[PDB]
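A quick write-up on the structure given underneath.
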Amino acid sequence: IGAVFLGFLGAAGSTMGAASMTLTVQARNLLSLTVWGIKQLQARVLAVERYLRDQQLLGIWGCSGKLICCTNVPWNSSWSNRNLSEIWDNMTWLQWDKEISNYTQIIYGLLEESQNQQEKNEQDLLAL
Amino acid sequence: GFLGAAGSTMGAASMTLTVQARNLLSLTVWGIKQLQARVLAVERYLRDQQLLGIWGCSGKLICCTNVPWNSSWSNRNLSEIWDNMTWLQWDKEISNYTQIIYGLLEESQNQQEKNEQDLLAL
Amino acid sequence: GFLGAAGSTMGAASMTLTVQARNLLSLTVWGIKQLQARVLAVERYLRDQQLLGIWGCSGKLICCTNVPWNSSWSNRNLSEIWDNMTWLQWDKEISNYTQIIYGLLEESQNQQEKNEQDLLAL
Amino acid sequence: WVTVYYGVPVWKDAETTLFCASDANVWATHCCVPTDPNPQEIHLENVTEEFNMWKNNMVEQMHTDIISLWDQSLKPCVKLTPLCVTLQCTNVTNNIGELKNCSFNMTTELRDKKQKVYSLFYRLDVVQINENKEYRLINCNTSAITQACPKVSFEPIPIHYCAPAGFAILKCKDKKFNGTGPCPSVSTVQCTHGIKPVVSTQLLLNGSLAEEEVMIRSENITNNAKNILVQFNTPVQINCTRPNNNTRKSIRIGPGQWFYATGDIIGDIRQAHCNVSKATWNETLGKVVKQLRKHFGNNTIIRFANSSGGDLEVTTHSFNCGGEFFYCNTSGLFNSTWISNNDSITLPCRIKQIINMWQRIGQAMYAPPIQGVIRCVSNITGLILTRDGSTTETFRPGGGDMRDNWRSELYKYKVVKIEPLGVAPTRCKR
Amino acid sequence: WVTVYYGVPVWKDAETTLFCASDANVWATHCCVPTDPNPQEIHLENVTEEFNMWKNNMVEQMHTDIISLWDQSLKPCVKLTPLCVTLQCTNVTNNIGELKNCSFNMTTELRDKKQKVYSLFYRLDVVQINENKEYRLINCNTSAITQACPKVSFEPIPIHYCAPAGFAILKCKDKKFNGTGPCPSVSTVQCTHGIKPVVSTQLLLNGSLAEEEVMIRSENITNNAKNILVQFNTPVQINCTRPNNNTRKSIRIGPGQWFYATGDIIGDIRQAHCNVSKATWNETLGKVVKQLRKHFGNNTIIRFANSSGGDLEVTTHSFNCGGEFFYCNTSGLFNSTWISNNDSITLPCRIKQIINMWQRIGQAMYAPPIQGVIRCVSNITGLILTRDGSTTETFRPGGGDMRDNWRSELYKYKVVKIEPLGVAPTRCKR
Amino acid sequence: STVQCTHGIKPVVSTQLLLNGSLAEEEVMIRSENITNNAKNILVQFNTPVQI
Ligand SMILES: *[C@@H]1O[C@H](CO)[C@@H](O[C@@H]2O[C@H](CO)[C@@H](O[C@@H]3O[C@H](CO[C@H]4O[C@H](CO)[C@@H](O)[C@H](O)[C@@H]4O)[C@@H](O)[C@H](O[C@H]4O[C@H](CO)[C@@H](O)[C@H](O)[C@@H]4O)[C@@H]3O)[C@H](O)[C@H]2NC(C)=O)[C@H](O)[C@H]1NC(C)=O
Ligand SMILES: *[C@@H]1O[C@H](CO)[C@@H](O[C@@H]2O[C@H](CO)[C@@H](O[C@@H]3O[C@H](CO[C@H]4O[C@H](CO)[C@@H](O)[C@H](O)[C@@H]4O)[C@@H](O)[C@H](O[C@H]4O[C@H](CO)[C@@H](O)[C@H](O)[C@@H]4O)[C@@H]3O)[C@H](O)[C@H]2NC(C)=O)[C@H](O)[C@H]1NC(C)=O
Ligand SMILES: *[C@@H]1O[C@H](CO)[C@@H](O[C@@H]2O[C@H](CO)[C@@H](O[C@@H]3O[C@H](CO)[C@@H](O)[C@H](O)[C@@H]3O)[C@H](O)[C@H]2NC(C)=O)[C@H](O)[C@H]1NC(C)=O
Ligand SMILES: *[C@@H]1O[C@H](CO)[C@@H](O[C@@H]2O[C@H](CO)[C@@H](O[C@@H]3O[C@H](CO)[C@@H](O)[C@H](O)[C@@H]3O)[C@H](O)[C@H]2NC(C)=O)[C@H](O)[C@H]1NC(C)=O
Ligand SMILES: CC(=O)N[C@@H]1[C@@H](O)[C@H](O[C@@H]2O[C@H](CO)[C@@H](O)[C@H](O)[C@H]2NC(C)=O)[C@@H](CO)O[C@H]1O
Ligand SMILES: CC(=O)N[C@@H]1[C@@H](O)[C@H](O[C@@H]2O[C@H](CO)[C@@H](O)[C@H](O)[C@H]2NC(C)=O)[C@@H](CO)O[C@H]1O
Ligand SMILES: CC(=O)N[C@@H]1[C@@H](O)[C@H](O[C@@H]2O[C@H](CO)[C@@H](O)[C@H](O)[C@H]2NC(C)=O)[C@@H](CO)O[C@H]1O
Ligand SMILES: CC(=O)N[C@@H]1[C@@H](O)[C@H](O[C@@H]2O[C@H](CO)[C@@H](O)[C@H](O)[C@H]2NC(C)=O)[C@@H](CO)O[C@H]1O
Ligand SMILES: *[C@@H]1O[C@H](CO)[C@@H](O[C@@H]2O[C@H](CO)[C@@H](O)[C@H](O)[C@H]2NC(C)=O)[C@H](O)[C@H]1NC(C)=O
Ligand SMILES: *[C@@H]1O[C@H](CO)[C@@H](O[C@@H]2O[C@H](CO)[C@@H](O)[C@H](O)[C@H]2NC(C)=O)[C@H](O)[C@H]1NC(C)=O
Ligand SMILES: *[C@@H]1O[C@H](CO)[C@@H](O[C@@H]2O[C@H](CO)[C@@H](O)[C@H](O)[C@H]2NC(C)=O)[C@H](O)[C@H]1NC(C)=O
Ligand SMILES: *[C@@H]1O[C@H](CO)[C@@H](O[C@@H]2O[C@H](CO)[C@@H](O)[C@H](O)[C@H]2NC(C)=O)[C@H](O)[C@H]1NC(C)=O
Ligand SMILES: CC(=O)N[C@@H]1[C@@H](O)[C@H](O)[C@@H](CO)O[C@H]1O
Ligand SMILES: CC(=O)N[C@@H]1[C@@H](O)[C@H](O)[C@@H](CO)O[C@H]1O
Ligand SMILES: CC(=O)N[C@@H]1[C@@H](O)[C@H](O)[C@@H](CO)O[C@H]1O
Ligand SMILES: CC(=O)N[C@@H]1[C@@H](O)[C@H](O)[C@@H](CO)O[C@H]1O
Ligand SMILES: CC(=O)N[C@@H]1[C@@H](O)[C@H](O)[C@@H](CO)O[C@H]1O
Ligand SMILES: *[C@@H]1O[C@H](CO)[C@@H](O)[C@H](O)[C@H]1NC(C)=O
Ligand SMILES: *[C@@H]1O[C@H](CO)[C@@H](O)[C@H](O)[C@H]1NC(C)=O
Ligand SMILES: *[C@@H]1O[C@H](CO)[C@@H](O)[C@H](O)[C@H]1NC(C)=O
Ligand SMILES: *[C@@H]1O[C@H](CO)[C@@H](O)[C@H](O)[C@H]1NC(C)=O
Ligand SMILES: *[C@@H]1O[C@H](CO)[C@@H](O)[C@H](O)[C@H]1NC(C)=O
Ligand SMILES: *[C@@H]1O[C@H](CO)[C@@H](O)[C@H](O)[C@H]1NC(C)=O
Ligand SMILES: *[C@@H]1O[C@H](CO)[C@@H](O)[C@H](O)[C@H]1NC(C)=O
Ligand SMILES: *[C@@H]1O[C@H](CO)[C@@H](O)[C@H](O)[C@H]1NC(C)=O
Ligand SMILES: *[C@@H]1O[C@H](CO)[C@@H](O)[C@H](O)[C@H]1NC(C)=O
């Protein structure tokens with residue numbers, strides 16, 4: 001027990017295999033009298049744009065509506081040659097994000113194409 | 001009409017949900033008020049969409065969940081609820097439990113996604 | 001390559017749907033104007049997304065419905081439409097039926113959700 | 001048999017706000033977005049579109065925004081309404097009167113004290129009232145006059161206009177496009193090329209050149225109520241100067257309130273002027289005539305006459321260079337008849353300090369004196385001409401709207417909005 | 001094997017704009033965003049992060065907002081530029097010199113009327129012009145002078161800063177953190193503690209205390225160009241006064257335009273001053289030395305000397321109390337050499353009314369007279385010291401930027417951008 | 001009923017009499033927050049115009 005809730009960032013220092021259980025905690029907190037209030041309107045708008053860019057990508061990749069989604073894109077090894085027994089158990093998400101930061105755009109490009117192929121194939125089947 | 005279903009019973013009203021949903025977001029000084037109003041409408045819209053996403057009801061006006069009703073929230077018969085009450089009356093009837101029901105929905109969806117990953121990993 | 005498909009025929013052009021979609025979200029004088037521009041871009045994005053939600057095509061760039069083409073909207077052969085026309089020409093060709101098709105997509109989705117609820121209750 | 005598609009490559013003509021960007025004080029900063037050093041352009045294969053430079057709202061924004069920034073830049077500056085006093089005045093010493101030597105009773109840092117102040121003025125900013133003689137500043141019966149801050153540059157630094165998300169700018173690659181109608185070769189950009197917000201009247205001194213041939217464009221050509229814009233395919237060199245070594249002094253007129261006055265002139269007093277390559281100018285007009293004849297007849301005689309009467313702002317060529325506002329006679333440039341089958345032109349110029357910059361009433365800007373000697377070299381890139389309206393077709397240089405100075409760069413660009421959602425019949429069903 | 005995750009607990013350092021918040025007129029009506037009556041603080045288990053108080057943008061924002069609010073607060077107030085006249089002036093009424101008795105011819109509600117008025121002034125705000133004698137207000141040659149509205153308080157009511165959605169603040173719990181580098185124990189908050197927007201020079205009058213030991217922080221220590229900020233682990237009691245029962249009168253100078261003038265003094269005329277507990281002060285300097293030696297050598301002699309010359313804002317200890325501006329001679333506090341192996345200190349203080357609040361040029365604020373007798377009580381929580389730069393290390397008090405009075409509370413906080421989207425390999429595939 | 005917008009209302013300034021607003025549909029209406037409490041005002045709406 002231990003009343004484990006952890007909190008908004010929660011166990012940011014925990015490993016990935018422990019940390020990816022609080023994904024919803026963070027998601028629920030991302031949206032949260034005269035003049036010069038434009039500073040806050042600017043802040044509100046930018047928060048909205050950040051939210052939408054993330055949601056659009058989940059949409060494009062076919063992972064919309066999920067906190068965790070499997071894809072059919074292979075891990076190409078050069079991105080990280082660590083074992084899953086090392087990645088999920090002895091690393092935090094922050095360490096991981098740094099570990100593979102240089103491949104962010106590679107993975108994202110591959111994800112977009114995979115989804116493009118999947119939708120194309122579904123239409124061919126529905127047209128059958 | 002946008003609120004035409006407002007006096008309808010729940011079993012009658014929950015067919016017009018699209019009518020209401022589709023109308024929810026729709027040079028000088030004071031232009032800031034106009035901008036503020038637009039921003040706030042967006043925020044309201046997004047909070048609802050986020051929760052539907054979180055609960056696994058994204059893209060639907062009606063979604064069944066796998067969460068049971070726990071009775072204490074309301075002990076009325078479903079036929080009483082759907083045929084002899086309107087949504088406005090109902091909203092008041094179970095107002096205080098909103099956070100309980102939502103907490104249960106959120107927990108359930110997380111368990112469901114966890115199980116989906118375990119199966120896709122098998 | 002955002003508008004690279006602009007002169008392509010529809011059957012060639014609908015491959016770059018992702019390319020365009022991913023590029024849609026991208027003081028006094030020069031102060032307020034840029035905030036206004038961001039807000040309006042957001043509203044445009046959301047209205048399209050809400051409709052895809054309403055029609056059951058959320059999360060997709062290509063989705064099939066169960067609405068038939070009614071012929072009278074366009075009596076062109078599908079081989080003429082997809083191979084000898086561009087999307088711009090096409091959009092103009094049937095522009096006056098936009099609201100008809102959209103209304104049908106909406107009604108169909110409502111019927112589908114109603115039937116699914118009845119089945120999940122069975 | 002219906003499929004809904006999103007990301008569909010279609011658009012509709014639309015009007016939105018464009019934002020400035022720049023190649024990273026001067027008015028040109030003010031938070032413009034650093035631009036893209038390696039901008040992309042998408043050629044659109046098999047895409048044509050209709051363009052109209054006369055209905056181009058990109059021009060309308062350029063106009064609107066330049067004025068707004070111009071005004072914003074004067075907000076923190078010292079007002080010269082305290083100078084609306086009676087002045088005693090005579091001529092500036094020379095041997096035998098463009099410049100006036102005037103004096104007055106001015107305020108000081110203390111409200112209860114006075115000082116004697118004298119300065120040099122152009123006669124064009126001063127009006128005689130007592131028909132020394134008594135004079136007043138020529139704008140005291142109509143406007144507030146604000147001194148431009150001496151630290152702020154109005155140099156026409158080029159900026160790029162960029163579309164907001166949801167929008168794109170379509171552009172022509174048709175080197176023969178006349179500013180209107182279908183454009184056979186279209187490409188698209190997020191941002192336009194950098195455009196210098198040059199303000200002028202009769203001549204265009206720092207724009208783009210035509211790609212191949214002199215291009216003559218008009219809303220109509222045949223309609224005598226409309227202007228004809230001429231884009232050169234070659235520059236003409238023009239050298240302008242203010243050949244007077246001037247000094248400046250500051251007067252403390254109040255608590256941190258300074259007025260900048262012309263002190264005196266070192267050396268000779270000479271008239272301002274511009275030098276235009278003579279040979280180049282004649283060759284240039286010959287090219288213009290060959291192209292004008294396309295709409296008037298191959299053997300039609302074309303005459304270039306000088307301007308009509310009126311205020312200097314509409315009868316002369318004017319520009320802002322070195323901080324001074326020059327008005328040039330230009331008649332030496334439009335004094336010839338072209339009939340089918342090294343040297344220079346010296347144009348005298350006048351200088352003014354109180355400027356009704358946007359042809360509005362009540363808002364006058366005062367240009368503080370510039371010390372030293374001014375030398376400016378510009379590229380004549382084009383002209384604004386009108387028809388003087390039977391075998392001879394006479395044209396005259398003239399002014400026009402400020403918008404005409406910018407549509408000359410923006411004629412190749414159009415703004416459209418993107419509409420990614422749409423449907424088509426297919427053979428699939430859920 | 002790619003799996004996409006959203007809600008990932010990661011972040012990047014980022015610069016954003018924080019907003020103020022308040023727990024139930026300057027500051028006082030700045031309701032900002034109402035605060036959380038019971039804010040949550042989340043300890044981050046296993047988490048460490050690096051901080052740098054010298055590069056903290058939060059400090060820059062307090063400067064930006066504090067300065068802006070004070071300028072905004074004067075926007076609707078009566079201008080005193082109408083008082084920029086010559087004054088006839090003599091002494092007041094005392095035996096045997098800070099105060100002056102000066103008179104002038106002032107405007108009234110009508111432009112056709114004038115009035116003889118007079119008031120008391122402090123020497124520091126008045127300068128002789130006729131090198132009775134003739135004087136002018138000292139700032140009338142270079143700046144606008146605006147009267148603060150008499151109804152508006154500037155009491156430094158603590159406010160909180162909070163991150164916007166998408167951002168969060170990391171906070172140190174490290175009692176020994178020296179301002180830079182890894183902070184072994186952190187937590188996350190949405191909002192900082194309330195901080196009083198206090199302005200001071202040499203002494204830090206109302207901040208937080210160190211938890212255990214006096215903390216000495218500097219961007220460098222070795223580099224003598226940097227300041228040393230000393231945070232005490234116990235407050236020093238200071239009692240300041242302006243022991244003169246003053247009266248005030250209003251003068252109508254125009255249509256609804258009022259000027260507030262010092263009337264007269266009831267009773268004796270005495271110097272403003274501050275009383276610092278002597279015993280406490282000696283103990284705190286000894287504590288400071290024990291800790292300073294960690295950077296200079298265990299047996300290195302440390303000496304406290306007085307300030308260097310310059311403007312009162314850098315030579316004296318200044319503060320706003322009761323609406324009056326005090327300039328205290330702190331040399332009485334720094335007279336000691338510390339060599340290895342009840343009472344009070346009275347500091348005289350000067351009083352000024354025309355204040356360049358942010359040490360800027362052209363914007364002077366006039367502090368209207370405060371009636372009655374002023375008493376101020378505060379907790380000195382720290383010092384701003386510099387090295388006077390071989391067996392003795394000498395330090396002197398001095399002034400510095402207002403930013404240094406804020407980083408003194410902000411060193412424990414950092415703001416980061418939350419980045420919830422990311423990927424990792426797993427054993428699943430669609 | 002539900003509306004998105006109100007009827008047009010004249011932003012008229014007056015004291016003792018209201019000279020260009022709406023008329024009551026059937027009968028003169030008298031409205032007050034309280035009536036009994038004399039600190040409250042009574043607003044009287046006519047069902048007929050009176051020309052001035
Ligand atoms: C059409 O386009 C042309 C070409 O772009 C413009 O002509 C240029 O305009 C700029 C702006 O006026 C001119 O630059 C000015 O030069 C003056 C002298 O500089 C000398 O010393 C520098 C030292 O490095 C040399 O590089 C330079 O060649 C000269 O030797 C400066 O004094 C001007 O302003 C600076 O000094 C003043 C002094 O008080 C400051 O107040 C200013 O802030 C600033 O510091 C300025 O730099 C440039 O020389 C022009 N070139 C030509 C060929 O004329 C045309 O003006 C434009 N047409 C119109 C009508 O605008
Ligand atoms: C460090 O922290 C300390 C402690 O918070 C600050 O010291 C306080 O500073 C405030 C503001 O200067 C002091 O408050 C003032 O007290 C005066 C006297 O109050 C007594 O007498 C009045 C007489 O009517 C009674 O009403 C009151 O209840 C007390 O009995 C007030 O006169 C001051 O002004 C008030 O009245 C005027 C009337 O027009 C209003 O306009 C004002 O807005 C306000 O209402 C004011 O209240 C407080 O007493 C100080 N505390 C101590 C212990 O001295 C330090 O200033 C702070 N240091 C720094 C550098 O910020
Ligand atoms: C007209 O222009 C002249 C300058 O071009 C303005 O300034 C005047 O210049 C003359 C010559 O420098 C000054 O005369 C001086 O007289 C004293 C007398 O002893 C002599 O010692 C000096 O060597 C010099 O000769 C004259 O005073 C000066 N005027 C002022 C007011 O300073 C003149 O003011 C201009 N007039 C107007 C109406 O603007
Ligand atoms: C210098 O300060 C004094 C006050 O401290 C200023 O006011 C002057 O005060 C004296 C003494 O109260 C006044 O004289 C008295 O006037 C009354 C009038 O009926 C008379 O009955 C008394 O016998 C005595 O004469 C004096 O008038 C008063 N002056 C004014 C203008 O009010 C004095 O003005 C200050 N001087 C300056 C330059 O500021
Ligand atoms: C499975 C996979 O994609 N592996 C990647 C490697 O293919 C890639 O190196 C390849 O090197 C070739 C050398 O000429 C390139 O031509 C080739 O394009 C490149 N492949 C790709 C996909 O870029 C290495 C490079 O770091 O990364 C692997 O992940
Ligand atoms: C795709 C489509 O049908 N759009 C409609 C337009 O075609 C229609 O234009 C009108 O079509 C008539 C057909 O004979 C023409 O007679 C009529 O002149 C023409 N009107 C114009 C302005 O060109 C318009 C207007 O009825 O509605 C569109 O929805
Ligand atoms: C392309 C276009 O529409 N051009 C317009 C000209 O056609 C129009 O021509 C004028 O038509 C009148 C019809 O009765 C004639 O009387 C008149 O002489 C004729 N003028 C010219 C210059 O052709 C002109 C002026 O109305 O405007 C053009 O925009
Ligand atoms: C720095 C200073 O002098 N502050 C003043 C206090 O000294 C002063 O004296 C306080 O009197 C109380 C009466 O019993 C004592 O208990 C208290 O210890 C004593 N404070 C000190 C620091 O010795 C108070 C008046 O009561 O006013 C302060 O401004
Ligand atoms: C404007 O001034 C420039 C600079 O002096 C002139 O250009 C020079 O022309 C002479 C003519 O033989 C050449 O030898 C120089 O090399 C030119 N200078 C440069 C830098 O190229 C220009 O011709 C003048 N224009 C006019 C119309 O007089
Ligand atoms: C921080 O690190 C410690 C040490 O690795 C973690 O402690 C282990 O936690 C697991 C459960 O996640 C237990 O089964 C182990 O017995 C713990 N080991 C020790 C030695 O404590 C800790 O969970 C990590 N995360 C925190 C504490 O937030
Ligand atoms: C400071 O001056 C004021 C007057 O400006 C004094 O107020 C006096 O208060 C007593 C209290 O009963 C009254 O009877 C007097 O009439 C008041 N004086 C006046 C002129 O009205 C105040 O007491 C003085 N304070 C100090 C500390 O000396
Ligand atoms: C602070 O007070 C000291 C003490 O009065 C001032 O310095 C004194 O100046 C006199 C003038 O001859 C000397 O005799 C004293 O020896 C000086 N004392 C010291 C400690 O130097 C000092 O100038 C005042 N400083 C400020 C900023 O007001
Ligand atoms: C500085 C100045 O010119 N002041 C003159 C003054 O000398 C002259 O006596 C008066 C009319 O006689 O007019 C003032 O403007
Ligand atoms: C100061 C000034 O020039 N005032 C002019 C006047 O000279 C001119 O005669 C009149 C119209 O002719 O318009 C006034 O504004
Ligand atoms: C680019 C171009 O040449 N546009 C038009 C052309 O389409 C039109 O036909 C002609 C007059 O008929 O006038 C030209 O300006
Ligand atoms: C208070 C004051 O300065 N008053 C003087 C007045 O005594 C003098 O008589 C007049 C000119 O003679 O100028 C006024 O400013
Ligand atoms: C909190 C702390 O002690 N920070 C640094 C420490 O990391 C650094 O190593 C040392 C000199 O190297 O200077 C200290 O201020
Ligand atoms: C109102 O009640 C009557 C009773 O039969 C019912 O017929 C009618 O449809 C009701 N209106 C709504 C909005 O349900
Ligand atoms: C343009 O037309 C030619 C004609 O054959 C065709 O081959 C080419 O693919 C077309 N381009 C586009 C973008 O469709
Ligand atoms: C300019 O035009 C006038 C008009 O008669 C003419 O006399 C004069 O010679 C022309 N200028 C030149 C340089 O020929
Ligand atoms: C103007 O004369 C001054 C006299 O010292 C000289 O220094 C300056 O360079 C001159 N300016 C020009 C452009 O000749
Ligand atoms: C004229 O245009 C040419 C084009 O390359 C440029 O190099 C030249 O400097 C320009 N001259 C002026 C005076 O602007
Ligand atoms: C104040 O008295 C002293 C005594 O010498 C004198 O020098 C000083 O000038 C007087 N102040 C004024 C303003 O006259
Ligand atoms: C330091 O103490 C001595 C003791 O006589 C005194 O004379 C001197 O003025 C003091 N210095 C300061 C800065 O108080
Ligand atoms: C000084 O700190 C103590 C700590 O409790 C506090 O009680 C006291 O009021 C403080 N004094 C001031 C003036 O803030
Ligand atoms: C106002 O004047 C018109 C003019 O015909 C008249 O009919 C009307 O009755 C008058 N109203 C009053 C209240 O006198």
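All residue names refer to the structure tokens as shown: chains lettered A, B, ... in order, residues numbered from 1 in each chain, ligands numbered from 1 in order.
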(request) For ligand 20, list the contacting residues at 10 Å or closer, counting only C-alpha atoms and all ligand atoms, as a count of residues only. (result) 10
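Each residue with an atom within 9 Å of any atom of ligand 18 appears in the list, which was built counting only C-alpha atoms and all ligand atoms: residues 4, 5, 6, 7, 8, 9, 12, 13 and 86 of chain B.
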So that I have them on file, write out the residues from the current selection with N, CA, C and O atoms, as a PDB file, in the first residue's frame.
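Below is the file part10.pdb, written as the result:
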ATOM      1  N   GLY B   4     -33.998  22.388 -27.903  1.00  0.00           N
ATOM      2  CA  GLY B   4     -35.345  21.863 -28.076  1.00  0.00           C
ATOM      3  C   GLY B   4     -35.614  20.629 -27.220  1.00  0.00           C
ATOM      4  O   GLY B   4     -36.729  20.419 -26.755  1.00  0.00           O
ATOM      5  N   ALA B   5     -34.583  19.835 -26.964  1.00  0.00           N
ATOM      6  CA  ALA B   5     -34.674  18.615 -26.179  1.00  0.00           C
ATOM      7  C   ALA B   5     -34.603  18.872 -24.683  1.00  0.00           C
ATOM      8  O   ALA B   5     -34.661  17.940 -23.889  1.00  0.00           O
ATOM      9  N   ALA B   6     -34.466  20.117 -24.278  1.00  0.00           N
ATOM     10  CA  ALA B   6     -34.288  20.460 -22.875  1.00  0.00           C
ATOM     11  C   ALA B   6     -35.395  19.974 -21.947  1.00  0.00           C
ATOM     12  O   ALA B   6     -35.125  19.746 -20.769  1.00  0.00           O
ATOM     13  N   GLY B   7     -36.641  19.907 -22.409  1.00  0.00           N
ATOM     14  CA  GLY B   7     -37.733  19.452 -21.551  1.00  0.00           C
ATOM     15  C   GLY B   7     -38.090  18.001 -21.799  1.00  0.00           C
ATOM     16  O   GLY B   7     -39.054  17.485 -21.231  1.00  0.00           O
ATOM     17  N   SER B   8     -37.329  17.341 -22.663  1.00  0.00           N
ATOM     18  CA  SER B   8     -37.614  15.972 -23.027  1.00  0.00           C
ATOM     19  C   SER B   8     -37.092  15.057 -21.962  1.00  0.00           C
ATOM     20  O   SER B   8     -36.155  15.406 -21.237  1.00  0.00           O
ATOM     21  N   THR B   9     -37.647  13.868 -21.890  1.00  0.00           N
ATOM     22  CA  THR B   9     -37.138  12.933 -20.936  1.00  0.00           C
ATOM     23  C   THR B   9     -35.814  12.440 -21.442  1.00  0.00           C
ATOM     24  O   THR B   9     -35.508  12.524 -22.627  1.00  0.00           O
ATOM     25  N   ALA B  12     -35.752  10.298 -24.463  1.00  0.00           N
ATOM     26  CA  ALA B  12     -36.180  10.970 -25.660  1.00  0.00           C
ATOM     27  C   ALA B  12     -35.101  11.933 -26.130  1.00  0.00           C
ATOM     28  O   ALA B  12     -34.886  12.130 -27.325  1.00  0.00           O
ATOM     29  N   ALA B  13     -34.456  12.572 -25.168  1.00  0.00           N
ATOM     30  CA  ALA B  13     -33.445  13.569 -25.408  1.00  0.00           C
ATOM     31  C   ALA B  13     -32.163  12.974 -25.950  1.00  0.00           C
ATOM     32  O   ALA B  13     -31.516  13.564 -26.819  1.00  0.00           O
ATOM     33  N   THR B  86     -36.010  14.207 -17.003  1.00  0.00           N
ATOM     34  CA  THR B  86     -35.279  14.900 -18.041  1.00  0.00           C
ATOM     35  C   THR B  86     -33.828  14.908 -17.657  1.00  0.00           C
ATOM     36  O   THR B  86     -33.477  14.632 -16.504  1.00  0.00           O
TER      37      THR B  86
END
Just want the 8 Å neighbourhood of residue 279 (chain D), counted on only C-alpha atoms, with same-chain residues fewer than 6 positions away dropped. Output as an mmCIF file with N, CA, C and O atoms, in the first residue's frame.
data_model
loop_
_atom_site.group_PDB
_atom_site.id
_atom_site.type_symbol
_atom_site.label_atom_id
_atom_site.label_comp_id
_atom_site.auth_asym_id
_atom_site.auth_seq_id
_atom_site.Cartn_x
_atom_site.Cartn_y
_atom_site.Cartn_z
ATOM 1 N N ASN D 342 29.867 60.743 -72.005
ATOM 2 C CA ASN D 342 28.820 60.525 -71.019
ATOM 3 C C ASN D 342 28.272 61.846 -70.521
ATOM 4 O O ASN D 342 28.977 62.855 -70.531
ATOM 5 N N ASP D 343 27.017 61.838 -70.088
ATOM 6 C CA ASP D 343 26.381 63.048 -69.592
ATOM 7 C C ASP D 343 25.301 62.725 -68.562
ATOM 8 O O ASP D 343 24.970 61.552 -68.336
ATOM 9 N N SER D 344 24.688 63.759 -68.014
ATOM 10 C CA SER D 344 23.651 63.602 -66.998
ATOM 11 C C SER D 344 22.602 64.691 -67.024
ATOM 12 O O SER D 344 22.798 65.790 -67.544
#
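Pocket residues of ligand 14, taken as those with any atom at most 6 Å away using only C-alpha atoms and all ligand atoms, are residues 127, 137, 138, 139, 140, 141 and 142 of chain D.
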(message) as a ChimeraX atom specification, could you give me every residue of chain B near chain E (at most 12 Å apart, counting only C-alpha atoms)?
(response) /B:43,54,113-122
(request) Record the distance separating CA of residue 97 (chain D) and atom 8 (C, counted along the ligand's line) of ligand 3, expressed in Å with one decimal. (result) 17.5 Å
(request) Please return, as number ranges by chain, all residues of chain B lying within 10 Å of chain C when only C-alpha atoms are considered. (result) B: 14-19, 21-22, 25-28, 31-32, 34-36, 38-39, 41-42, 45-46, 49, 58-65
